[PDB]
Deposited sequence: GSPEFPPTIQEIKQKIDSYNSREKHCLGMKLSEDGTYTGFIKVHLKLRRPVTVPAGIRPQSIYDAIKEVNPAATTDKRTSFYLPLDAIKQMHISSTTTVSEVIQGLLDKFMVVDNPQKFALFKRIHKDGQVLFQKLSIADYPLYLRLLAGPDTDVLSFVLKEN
């Protein structure tokens, strides 16, 4: 769940299908670091001189194998200066289920980099999206 040498080979395979500065890197005892992209699709309430303005962004982040969904969510809300209650937001993986592409909410305790490594580099296979409830 899995072997460290399993992780080593998985990283090497991953990196062959990715650019060098965007690859994963093995660290101590089967930990690793690497990149994900999160698509933010949010509606932002705005005031004129009611109304909303879209925030439609894909943020690329360098994270580790121990970085949690909770950390990814808070970091994005802070980076994009979103002031709403963080518990009103969820991170979803967009994945294949039953010939259908579905969005599955991630546990706040999940590890996005692990999911990314297992899925491989292709965002068609797994993409992350941040949504407000």
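Missing from the model, relative to the deposited sequence, are the ranges 1-5, 55-79.
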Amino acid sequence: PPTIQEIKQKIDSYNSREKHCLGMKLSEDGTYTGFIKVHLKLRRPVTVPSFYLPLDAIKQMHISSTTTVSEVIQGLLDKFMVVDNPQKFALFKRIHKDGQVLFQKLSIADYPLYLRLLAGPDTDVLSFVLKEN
From here on, numbers count along this sequence of modelled residues.
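Relative to one another, 20-28 and 120-128 have unequal mean CA B-factors, and 20-28 is the one with the higher figure. When the C-alpha B-factors of 96-104 and 56-64 are averaged, 96-104 comes out higher.
In this structure the maximum Cα B-factor among 73, 46, 36, 40 is found at 46.
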